[PDB]
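Q:
Protein chains: 2
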Amino acid sequence: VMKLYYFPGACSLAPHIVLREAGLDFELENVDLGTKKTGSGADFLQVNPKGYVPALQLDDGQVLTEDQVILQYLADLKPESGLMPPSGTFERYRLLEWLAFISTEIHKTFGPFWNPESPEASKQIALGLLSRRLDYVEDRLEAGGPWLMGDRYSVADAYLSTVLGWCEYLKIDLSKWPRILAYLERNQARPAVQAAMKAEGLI
Amino acid sequence: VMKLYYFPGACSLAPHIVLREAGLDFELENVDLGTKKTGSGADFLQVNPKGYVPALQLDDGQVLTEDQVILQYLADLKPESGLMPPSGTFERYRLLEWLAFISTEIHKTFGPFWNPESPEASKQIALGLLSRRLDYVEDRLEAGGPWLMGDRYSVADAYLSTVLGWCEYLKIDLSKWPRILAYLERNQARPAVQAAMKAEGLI
């Protein structure tokens, strides 16, 4: 079966949710981000050279990295589950556009806050940017169906919601964006999200 | 025909190259990043809300954003040109893995250096990280064919090379990575890259 290397609460949570949403078979392997050792004592940089999670280990033994590609790859194992617009459609690009946007624009923006050694002028700017980005999302949400894609819940929602999960912890105020707060609660109420969050110990 | 909104030298250069590599028909529309106005005086935030380049305007009139999605979308207009592994192959994911990696890991890392108001402790860390990332690329290059994908020149090479284009300007030393320097010269010697660089005024 497939093996998912994760850190509780980390972006690895997104694909973790998706494996559950698509009802795929997998095992979680916990990784220590500090010492790059896996829970079983293995050397995680043997798994993922770039040395971050999530990393997805397939049956044929290969490893996939990069949150947004892992999600795609997962969704395509079960096209019948519609976690993603079908190949060939233009809507499909709209989803990819979201995954890219979430990856560079939002996921990255939390760079500073996760760095022990970051100026404060940077975290200031991070929030600065991060805020301008959330304005756009609240826009789309105001214009759009319940999920990023409208009525279809997709992999983009597992990614976005997972990343915004961090704010409470970093103690960042989302109040300014009620729809986004609504969206977050919407995501977390989903049984597969529940089950993963419980599984990862987040509850 | 398709319309590409760009800023000379910007990441928009990547898709610009690809349009030429695939021999597609398009028009360049220059955008002023300062005032979000297009060369023709139009309001660019009407085009791309998120307000950055590149943005790709299709014939049916819609707009695509996000460098790595635009590249995909372009490559799929001409699958006969092999700028991308064919749908269904696993190699295809390897390419996507590169596009994601370049996007978050490298393209983003230049965040600070492009910001008028960035601490120096941040640009320090940027280079710090940026360096660790280039170590991996030099690895792959040392293990791999001439391009990121090995023997197939792909969209990932237009993206990576375009982004590393910046270092000379930011005056960042690549000496420590000869293969990468070799790779860069390899990219720039390609007639379609030439033609785009000339077209954008970079020569």
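Which chain is which? The protein sequence lines are A and A', in order. A prime marks a further copy of an entry chain.
Each residue of the first sequence is one higher than the one before, starting from 0 at the first, in PDB author numbering.
Each residue of the second sequence is one higher than the one before, starting from 0 at the first, in PDB author numbering.
Here a beta-carbon is modelled for each residue, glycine too, at the ideal position from N, C-alpha and C.
Please check if any C-beta of chain A' sits within less than 8 angstroms of the C-beta of A:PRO48.
A: yes
Q: Give the interface partners of A:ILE101 over in chain A', defined as CB-CB distance under 9 angstroms, in chain order.
A: The contacting residues do not exist; A:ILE101 stays about 10 angstroms from chain A' at best.
Q: Taking A':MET148 as the reference, which of A':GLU90, A':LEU70, A':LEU27 and A':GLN61 has the closest Cα?
A: Nearest C-alpha to A':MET148: A':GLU90.
Q: Taking A':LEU55 as the query, report the chain A residues whose CB atoms sit under 9 angstroms from its CB, ordered along the chain.
A: Correct list: empty, because the minimum Cβ distance to chain A is about 10 angstroms.
Q: By the 10 Å Cβ neighbour count, where 16 or more other Cβ atoms means buried, how is A':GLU141 classified, buried or exposed?
A: exposed
Q: Which bits of chain A' does A:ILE124 rub up against, with CB to CB less than 8 angstroms?
A: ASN114, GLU116 and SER117
Q: Using 8 angstroms as the threshold, is the C-beta distance between A':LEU95 and A:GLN71 below it?
A: yes
Q: For the stretch 111-122 of chain A' against the stretch 115-125 of chain A, are there 3 or more C-beta pairs whose distance is under 8 angstroms?
A: yes
Q: Three-state secondary structure (DSSP) at A':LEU12?
A: helix
Q: Do the CB positions of A':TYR5 and A':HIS15 come within less than 8 angstroms of each other?
A: yes
Q: Among residues of its own chain, excluding the 5 on either side of A:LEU32, which ones have a beta-carbon nearer than 6 angstroms to its beta-carbon?
A: Excluding residues within five positions, the ones whose Cβ falls inside 6 angstroms are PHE6.
Q: Can you pull the chain A' neighbours of residue 210 of chain A, defined as C-beta to C-beta under 7 angstroms?
A: Past the edges of chain A, shown from 0 to 202, lies residue 210 of chain A, and the structure says nothing about it.
Q: Let me check one thing: in DSSP terms, what residues is A:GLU28 bridge-paired to?
A: A:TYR4
Q: Could you name the residues of the stretch 2-36 of chain A whose beta carbon sits closer than 7 angstroms to any beta carbon of chain A', in the order they occur along the chain?
A: none
Q: Given a cut-off of 8 angstroms, decide if A':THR64 and A':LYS49 are closer than it, judged by their beta-carbon atoms.
A: yes
Q: Which residue comes first and which comes last in the beta strand (DSSP E) that contains A':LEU55?
A: 54-56
Q: First and last residue of the alpha helix (DSSP H) that includes A:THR161?
A: 154-163
Q: Quick one: what's got a C-beta closer than 7 angstroms to A:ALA191's C-beta in the same chain, skipping five residues either side?
A: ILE16, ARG19 and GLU20
Q: Helix, strand or coil for A:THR108, going by three-state DSSP, please let me know.
A: helix
Q: Can you list the residues of chain A that A':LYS107 reaches, using a CB-CB cut of under 7 angstroms?
A: Below the 7 angstroms Cβ cutoff, chain A contributes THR103 and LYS107 as neighbours of A':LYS107, in chain order.
Q: Does A:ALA120 come within less than 8 angstroms of chain A' when only Cβ atoms are used?
A: yes
Q: Exposed or buried, A:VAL30, counting other C-beta atoms within 10 Å across all chains shown (16 or more means buried)?
A: Flag for A:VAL30 reads buried.
Q: Would A:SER86 pass as an interface residue toward chain A' - the criterion being a Cβ-Cβ separation below 8 angstroms?
A: For A:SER86, the nearest CB of chain A' lies under 8 angstroms from its own CB, placing it at the interface with that chain.
Q: Quick one: grab the DSSP three-state call for A':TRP97.
A: helix
Q: Report the option in A:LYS2, A:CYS10 and A:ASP134 whose CA atom is closest to the CA atom of A:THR161.
A: Looking at A:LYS2, A:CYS10 and A:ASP134, the one whose alpha-carbon comes closest to that of A:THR161 is A:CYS10.
Q: Below 8 angstroms between beta carbons is the criterion; list the residues of the stretch 68-86 of chain A that meet it against any residue of chain C, in chain order.
A: No chain C appears in this structure, whose protein chains are A and A'.
Q: Using the beta-carbon of each residue, which ones in chain A are nearer than 7 angstroms to A':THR161?
A: The contacting residues do not exist; A':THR161 stays about 15 angstroms from chain A at best.
Q: For the alpha helix (DSSP H) that A':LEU133 lies in, which residues bound it at each end?
A: Counting along the chain, the alpha helix (DSSP H) containing A':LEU133 begins and ends at 119-142.
Q: Where DSSP assigns a beta bridge to A':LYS36, which residues make up the other side?
A: A':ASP31 and A':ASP42
Q: Which of the three DSSP states is assigned to A':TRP176 in this structure?
A: A':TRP176 falls in the coil class under three-state DSSP.
Q: Going by the CB atoms, is the gap between A:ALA54 and A:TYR158 shorter than 8 angstroms?
A: no
Q: According to DSSP, what are the bridge partners of A':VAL62?
A: A':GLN56
Q: Name the residue from A':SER80, A':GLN193, A':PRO145 and A':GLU167 whose alpha carbon lies nearest to the alpha carbon of residue 207 of chain A'.
A: The structure shown does not extend to residue 207 of chain A', since chain A' is modelled only from 0 through 202, so no value can be given for it.
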